Amino acid sequence: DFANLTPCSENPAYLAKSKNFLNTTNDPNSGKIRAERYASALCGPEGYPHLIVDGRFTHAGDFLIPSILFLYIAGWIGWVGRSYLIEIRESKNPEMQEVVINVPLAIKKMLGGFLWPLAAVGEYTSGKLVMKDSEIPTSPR
Amino acid sequence: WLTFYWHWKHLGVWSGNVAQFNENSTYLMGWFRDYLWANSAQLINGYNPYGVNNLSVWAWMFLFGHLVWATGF
Amino acid sequence: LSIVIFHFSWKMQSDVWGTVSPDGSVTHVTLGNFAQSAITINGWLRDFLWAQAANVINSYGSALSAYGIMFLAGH
Amino acid sequence: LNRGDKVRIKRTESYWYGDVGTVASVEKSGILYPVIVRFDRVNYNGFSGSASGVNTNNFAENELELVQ
Amino acid sequence: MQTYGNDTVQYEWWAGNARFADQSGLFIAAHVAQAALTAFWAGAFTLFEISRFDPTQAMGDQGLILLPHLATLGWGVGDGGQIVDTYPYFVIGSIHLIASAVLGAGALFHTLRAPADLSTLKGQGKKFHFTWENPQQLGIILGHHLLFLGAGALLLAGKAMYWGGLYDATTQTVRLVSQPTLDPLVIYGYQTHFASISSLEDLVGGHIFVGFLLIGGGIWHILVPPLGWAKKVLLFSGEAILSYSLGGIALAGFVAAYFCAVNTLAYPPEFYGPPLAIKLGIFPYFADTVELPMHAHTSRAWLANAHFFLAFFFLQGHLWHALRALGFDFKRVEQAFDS
Amino acid sequence: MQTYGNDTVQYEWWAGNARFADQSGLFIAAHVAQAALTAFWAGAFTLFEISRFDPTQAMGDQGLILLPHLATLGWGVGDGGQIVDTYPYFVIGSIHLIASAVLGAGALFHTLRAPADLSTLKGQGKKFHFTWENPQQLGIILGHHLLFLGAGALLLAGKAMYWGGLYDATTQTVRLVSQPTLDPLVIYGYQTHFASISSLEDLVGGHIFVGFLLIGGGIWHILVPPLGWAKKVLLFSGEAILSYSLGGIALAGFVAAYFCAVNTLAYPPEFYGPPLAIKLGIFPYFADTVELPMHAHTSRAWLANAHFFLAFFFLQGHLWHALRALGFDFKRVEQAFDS
Amino acid sequence: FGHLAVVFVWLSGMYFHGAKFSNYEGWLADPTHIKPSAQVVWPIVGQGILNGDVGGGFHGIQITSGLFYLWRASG
Amino acid sequence: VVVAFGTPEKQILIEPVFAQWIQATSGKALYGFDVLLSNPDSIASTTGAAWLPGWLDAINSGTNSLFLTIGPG
Amino acid sequence: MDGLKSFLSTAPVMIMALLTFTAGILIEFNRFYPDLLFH
Ligand code: CLA
Ligand code: CLA
Ligand code: CLA
Ligand code: CLA
Ligand SMILES: CC1=C(/C=C/C(C)=C/C=C/C(C)=C/C=C/C=C(C)/C=C/C=C(C)/C=C/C2=C(C)CCCC2(C)C)C(C)(C)CCC1
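Chains as they are written, first to last, in the deposited numbering: chain A, 3 to 143; chain B, 586 to 658; chain C, 602 to 676; chain D, 3 to 70; chain E, 1 to 339; chain F, 1 to 339; chain G, 77 to 151; chain H, 440 to 512; chain I, 1 to 39.
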C-alpha cells in the first residue's frame, strides 16, 4: 500500500522543491518537464521519487520496462559476441580475428542479433548452446 | 560497511534526526560528509592546542589505528 | 611529494595568503594555525585535512561539485 | 593411434584434462609416454610475462579417449 | 502441412503443434479444446466481470467488455439504458461455461480414446477422416461450417424479431424489431457506409441477407465439390488453407476493430463509451474521445485496439504460412547473408 | 550489373541487391515492394499527419508535408487556407495504404509464385522478360512508363479543369482552370523564370504540354526501338541504365527542392510556410525568413532541404554507378594509395 | 618529433580554448574581479551546473593553469 | 553524480519493499501492508498468542530499535 | 590502404569506435529526452 510513500502530486516536500528544479539540458524548461514527469511517482518525506520494484504493473515502468529493455540489449551484445566467437573459431587463424576484428563479419552478426531470444531458445534445444561436462577442460579437483 | 550502516542509522535514531540518514545515505558523498567528516569532529578535537578532554585517548587511538593500518601496507 | 604540497598548502594559507586591511593589517585564510598545529599529526588531520576539505565535500549542487566527484573518484 | 588422430586428455594432472588434442606422432621405441599430442590452446608454461605457453605434451595410451 | 519434400520432418517442441496436422483425430482434439477454451473465456469472464460490475457507474468506464455485448443484445437493461438484472448475464455466463466442460471432455476423448488417425476407425469416423489434398472432403467440412454460421446469423435475427428484442441506442431502450428490410439494394448500398448504419431494422435485415447467403453457400459447398478453377489458382495444402483462414480472419479483425470504434448502433455509448477518434502514431490506435485519466481506456478502446493488433499479427501470421505454403524454406534467409 | 570480366561475381550481403540483377522475375518483386513501401508512406503519413493536425496554427509551422500537398491540390480547404474538412485527406491516406497492401501482395507473388527469370515460363511472361543487353525490350518498358507519367501529368490537367479545381494562392480560393494557356511560346519562355510562376492557368497549361510530350514520346519508344546513334553513345548495361536514372532523379530532386523554396503558387505560403532564402554555408541550405520558435522549421524548410540532400547523394550515387558502368574498378583507389 | 607534435596540439588547444571558449577579453578588463575560465561544458545530464559564475556574465570551468596570467605577461 | 549536478530528484531510490513486507508480517503497520501480524484479521493474529499485545506495542512505538524504518538508503 | 583498413579494424580502434557511437546515442537521447528516471 506504501502508507509512508505519498504520491509526489500530493507530497508537500516535492511540491516546494519542484519549483526550483534545475535545467539539465539547453532547454530552459527542462526542470519544468522533470517536475511534471516525476509527479506521477511515489515520493518519500524528502520529496524525491522512490521507485517500486516488487513486480506491480502500476510501477512496471520503474523496473520491469527497464528490465525488458536492458535484457534485450544485453542479450543482443552477448549473443552476437558469442556467435562471432564461434564463427571465427573455425577459421585458419582464430587468434588474429579477435585483436583484428573481421568487421564485415561483425556487422553481419550484430544486425542479426535482433532475433537473439528466438535463436537462443533454438540453440538451447539443438544442444549447441550448452556443452556437456565431459567435453570441457576441467580442474584436477 | 555494515557497522558504518549500523552507526549512522542509529545516530539518526538516537538524536531523532532520522531524516539525516534518509536523505544522505543514498549517495556516497552523504556517507563521506554527513557521517565520516561530521561525526569525527569531536573525535579529532579530543586534544588540540587549547587543551584536552575525555576523548583524548580515542583521538590518539584513532591516529594510532591509522599508523598501524598504513604500516601494514 | 604529498607532504611537500601539504606543507605548501598549509603554510601559504596560514602564514602567507589572506586579505589585507586598509591600514596594512593582514588576516590569513586559516588564521595562523601552522605554528601550533603543524607540529602534530592530529593538527595535520584536524586543522589541515578535516578543515580544508570541508570545501570539497560541501561543493555538491554547485560549480565545484566536479571536484566533489573527483575527490571521491580518487578515493 | 595415428598422426592427426583426435584425442581427449584423461590425465587429470594436465592442463588439457577434458580438452581435445591432435596426435602429432607416436614413438615406437618402448617409451613410457610415446604419444605426442598437439593442442590448439597453449598451457600456462613459461616465465611471468610470457605471451605464450607450449602446445605439445607426451602422453601414453591409457590417458587418451578416442574422439574422432 | 508443408514438408519441403522431406517425408520425415520430426518438428521440435516449439513447433510441436505441427505434428498432428496430418492426423485427423488429433486435429479434432486440439480444435475442440480451443472451442473449450474459447467458451470457457466466454463463461468465466462473464462471471468474472459481473462480480466486478458496479451498477451505479457506467460499465464502459469500469473496463468490462462482455456485459456490454449482452446488454446490446438486450439482456438486463431497463427503460433508461441502465443495468437492473444481474441474472441473464449469470445464466449465459453459466451456459457457456458448462458447454466448455462438455467441449473440454470431448477434446480429452479425441485425445485419448479416439484414434490419432480417423482412417483406422470403422463406422462414421472413417467418413470424418479428412486429408488435406482431398478438395471434395474439404468442401463438405466447409459447407457444414457455413450452415452453422448461417444458422447463427439467423438466430440473431430470430432473437431480435421473435425471441426477445435488441437494444435501440437512439431511443435508449430495448426494442423488439418488426419486419426488417427485404430489398437487396439497401444492403448493396451498405458497402459504403457500413460503419454508420444506425438502424436496427437494417442490421437485422442485413443479418437475414447474410444468414440466407451463408446457408445457401453451405448448401452449394456440401452438394457441389470444387470445380477445378479454384484448384488451379488456390493451393490445397494444410498450411495453405490455414493461410486463407488467417488472411480472412485478419480482414474480419480489421473491420471489427474499425466497427467497434466509430459505430454507435451496435456499440452504444452508454454501454461502451464515446466513439473513438482514429489516431495513428508509430502504430494505428483508436484513442479515447473523452480521455478518462489514470489509464482508463473505457472498454471500447480495449476492444478496438486489441482487435487491430490481433488482426495485424494474424496478417503477419497469414504471411508466415502463405510463404510456407508457396514453398519458401525460411532458412534461405540465413544462407542469403552467409559468405 | 558490372562484372569487370569476372563473369560470375559473388556479391556479399551488404551488396546483396546486386544478386537479383539480370533476373527479370525478382527485378519486379523488389520494385513493386518499393512501390508498396512508397504507397505505404503516402498512406500512413497522411493518416499520421491527420492525427497530429490542429486547425489553430498553420500546417507549415506544425511539420506537416503531405496534407499541404493535398491542400494545394484543392480538397481539404474551405476558404482562405482554412482546413475544415479532413475527410478527403483520410480517403486519400486510405486509398494509398490499401493500394500498398495490394502492391505488397504482388511483390510476394513475384518472389514465390513467379520464377526469378521470366524466360522460364510461357505465355505473356516471356514478353515481359527483359535482358539488359536488349535495347528493343528496354524501350518497350520505357515507352509504357512514359505513357503512365504522361497520363499522370494529364491527370492534373483534368483535375484543375474539371474535377474540383486547384487551389489558387493569389486569390486564396479554389478555382477551376477554365482557360489554360495552350501557347508553346510562353511555355518555352518559362525555361528561365520557372521559379516565379504565379498563374494557375500557366501551371496547368505547362502540364498539358508535358503530359502530351511524355505520351507522344511514350508512343515513340514503344513503336520505334533505340537507334544506332543511341547505342554508340549510351551504354546498355544493367548499371548504366540505373546511373542514367540516378542522374535524372537527382536533377529532378534539385529542381523540386528549388520549386519548394521560392514558389508561392505550387507551394502556397499558408500551407507550407513563408518562402525560403537560398543560403549557403558549407552546403547550400534553404533557410526560413522568420525564425520559428523552439528550434523548429517550417514544412517548406523541411521539404526543400531534405530534397537537396537527397538529390546531392543521388547525384553521388549516379557518379558511383556511372564509373562502375564505364569500367572503373574502384579498387584502383585502394591500389593508388597502396602504390 | 611525434611527441612534440602531441605537445604542439596540446599547446594549440590551450590557445584555441583561450581564443574561442574563454573570458580572456573579459578578464583583461577587470583582472581583480573576473575569474579566469577557458573551458565551457555542454548542457547535458545536469553537468551545465559546472559552468559557474566566474564574473562578467561568463559561465565556465574556472581554470587554474595560469594561462591567462601567462598571456597577459606575453602581451 | 546527480546530487552533485543539483538534481537529487534524479536519484534511483529503490524502496526495500521485500524487507518492509517482512517488517509488516511481524506487525509493523507503518508501511501499510496488511499482511499476517499487521493485519488484525489474519489467522496469525486472531489466534490470541500472549506475545501479541506486548509485541505490537513494541514494534509500533518507534522509540526502540526493534524494527527500524527502512528506506532507499 | 588495405593495412589501413586492418589498423582501423583493430581491437582498440573498434572499441573506441563503438563506445563513441554508444556515447553518441546516449548523450543525444538524454539531450532531446532528458531526465528519464522511469518509464
Ligand atoms: C605509516 C606507514 C609506514 C611506516 C610506519 C613504515 C616504516 C618504515 N618504512 Mg615504509 N612503506 C610504507 C609504509 C610505512 N613504512 C608503505 C605503504 C610502503 C609500500 C610501498 C613502504 C615501503 C617501504 C620501503 C620500500 C622502504 C620503507 C622503509 C621504511 C623505514 C623508514 C626509515 C625508518 O626506519 O624510519 C624510522 C621509523 C619510523 C618513522 C616508523 C615510526 C617509528 C615511531 C616514530 C617510533 C615508535 C617506536 C616505539 C616507541 C618503540 C616500540 C614500542 C614497544 C612497546 C614495542 C621504516 C621502517 C625504508 C627503509 O627501510 O629505509 C631504511 C625502505 O627502503 N618503506
Ligand atoms: C489461428 C492461428 C494459427 C494457427 C492454427 C497456427 C498454427 C501453427 N503455427 Mg502459427 N502463426 C500464426 C497463427 C497461427 N498459427 C500467427 C499468430 C503467427 C504470427 C506471430 C504465426 C507464425 C508462426 C511461426 C513463426 C511459426 C508458426 C508455426 C505454427 C505451427 C506450430 C506452432 C506451435 O507449436 O506453437 C506452439 C506455441 C508456442 C511455442 C507459444 C508461443 C507463445 C508466444 C511467443 C506468445 C504469444 C502469446 C502472447 C502472450 C500474446 C497474447 C495476447 C493475448 C493475451 C491477447 C502450427 C502449424 C511454426 C511452423 O512453421 O511450424 C510448421 C512456426 O515456426 N506460426
Ligand atoms: C490451445 C492449446 C493446445 C492444444 C489444445 C494442443 C493440442 C495438442 N498438442 Mg500441443 N502445444 C501447445 C498448445 C496446445 N496443444 C503449446 C503452447 C505448445 C508449446 C509448449 C505445444 C507443443 C506440443 C508438443 C511438443 C506436441 C503437442 C502435441 C499435441 C497433442 C497432444 C495430445 C495428443 O495428441 O495425444 C497423443 C500424443 C502423443 C502420443 C504424444 C504427445 C504427448 C503429450 C500428450 C504432448 C502434450 C504436450 C502439451 C500439449 C504441452 C502443453 C503446452 C501448454 C498447453 C501448456 C494435442 C492434439 C503433440 C503431438 O501432436 O504429437 C502427436 C506433440 O508432440 N503439443
Ligand atoms: C534508386 C536507387 C539506387 C539503386 C536501385 C541502387 C542499387 C544498388 N547499389 Mg546504389 N547508390 C545509390 C542509389 C541506388 N543504388 C545512391 C543514392 C548511393 C549513394 C550513397 C549509391 C551508392 C552505392 C554504393 C556505395 C554501392 C552501391 C551498390 C548498390 C547495389 C547493392 C546495394 C545493396 O545491397 O545495399 C544494401 C543497403 C545497405 C547495406 C545499407 C547501407 C547503409 C547505408 C548507410 C544506409 C543509409 C542510411 C540513410 C541515412 C537512410 C535515411 C535516409 C533519409 C530518410 C535521411 C545495387 C545494384 C553497391 C555496388 O557497388 O554494387 C554491387 C555498393 O557498394 N550503391
Ligand atoms: C486436448 C489437450 C489439451 C487441451 C485441453 C484444454 C486446455 C481444455 C480445457 C478444458 C476446460 C477448461 C474445460 C472446462 C471446464 C470447466 C470447469 C471444470 C468449470 C467448473 C465449474 C463449474 C462446472 C460450475 C460452475 C458454477 C456455475 C456454472 C454456477 C455458479 C456456481 C458454480 C461456480 C459452481 C492439452 C493442451 C492440455 C494437452 C493435449 C490435449
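Even for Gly, the Cβ is constructed at its ideal location relative to N, Cα and C.
Residue-level contact by beta carbon holds for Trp14/E and chain A, with a gap shorter than 8 Å.
Look at the stretch 24 to 87 of chain E and you find these whole runs of alpha helix (DSSP H), each 4 residues long or longer: 24 to 51, 59 to 62, 67 to 73. Runs of the alpha helix (DSSP H) spanning 4 or more residues and lying entirely within the stretch 202 to 240 of chain F occur at 228 to 233, in chain order. Ranking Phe77/G, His79/G, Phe84/G, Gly102/G by CA distance to the CA of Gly131/G puts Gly102/G first. Ranked by Cα distance from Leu37/E, the first of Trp14/E, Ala18/E, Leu97/E, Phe53/E is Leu97/E. Residues of the same chain with a CB within less than 6 Å of the CB of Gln172/E, apart from the 5 flanking positions on each side, are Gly81 in chain order. Ligand 4 has no heavy atom closer than 7 Å to the beta-carbon of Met112/A. Contact holds between the stretch 280 to 288 of chain E and the stretch 298 to 311 of chain E, because three or more Cβ pairs, one in each stretch, are under 8 Å apart.
In this structure, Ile451/H keeps its C-beta atom at 8 Å or more from the C-beta atom of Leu131/A. The beta carbons of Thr656/B and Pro511/H sit about 39 Å from each other, so the pair does not count as a contact at 8 Å. The continuous alpha helix (DSSP H) containing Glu28/I extends over residues 11 to 32. The CB of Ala266/F never comes closer than 8 Å to any CB in chain E; the least such distance is about 27 Å. In the three-state DSSP reduction, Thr464/H falls in the helix class (H, G or I). A Cβ of chain A is located within less than 8 Å of the beta carbon of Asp35/I.
With 16 or more other CB atoms across the displayed protein chains lying within 10 angstroms of its CB, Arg36/A is buried.
Against chain I, a Cβ distance below 7 Å from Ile120/G picks out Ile27, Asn30, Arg31.
By the Cβ test, the stretch 20 to 39 of chain A is not in contact with the stretch 74 to 87 of chain A, since fewer than three Cβ pairs between them sit closer than 8 Å.
The count of Cβ pairs closer than 8 Å, one atom from the stretch 51 to 70 of chain F and one from the stretch 117 to 130 of chain F, stays below three, leaving the stretches out of contact.
A check of alpha carbon separations from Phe330/E across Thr111/F, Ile241/F, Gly217/F, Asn134/F identifies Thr111/F as the nearest.
By the neighbour-count definition (other C-beta atoms within 10 Å, threshold 16), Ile33/D is an exposed residue. A residue is called buried when at least 16 other Cβ atoms come within 10 angstroms of its Cβ; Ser477/H meets this threshold and is buried. In this structure, the straight-line span from the alpha carbon of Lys34/A to that of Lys21/A is close to 8 Å. With respect to chain E, the C-beta atom of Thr8/A has no partner C-beta closer than 8 Å. Counting the other Cβ atoms within 10 Å of the Cβ of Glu12/A gives fewer than 16, which makes it exposed. Rounded to whole angstroms, the separation of the alpha carbons of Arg143/A and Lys12/D is 13 Å. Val627/C is classed as exposed because its beta carbon has fewer than 16 other beta carbons within 10 Å across all chains shown. At a cut-off of 8 Å between beta-carbon atoms, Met646/B makes no contact with chain C.
By the Cβ-count criterion, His31/E is exposed, with fewer than 16 other Cβ atoms from all chains shown falling within 10 Å of its own Cβ. When CB distances to chain A are screened at a threshold of 9 Å, not a single residue of the stretch 304 to 321 of chain E falls below it. In this structure, DSSP gives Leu166/F an extended state, which the three-state scheme calls strand.
Only residues of its own chain outside the window of five on either side were considered, and among them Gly77, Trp78, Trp81 have a CB closer than 7 Å to the CB of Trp118/A, listed in chain order. Secondary structure at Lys96/G: helix, using DSSP grouped into helix, strand and coil.
The C-beta of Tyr162/E has fewer than 16 other C-beta atoms within 10 Å across all chains shown, which makes the residue exposed. Counting along the chain, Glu48/A sits inside no beta strand (DSSP E), nor does DSSP assign it H or E at all. Within the stretch 20 to 50 of chain A, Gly46, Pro47, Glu48, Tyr50 place their CB atoms closer than 9 Å to a CB of chain B, listed in sequence order. Around the CB of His93/G, 16 or more other CB atoms lie within 10 Å, so the residue is classed as buried.
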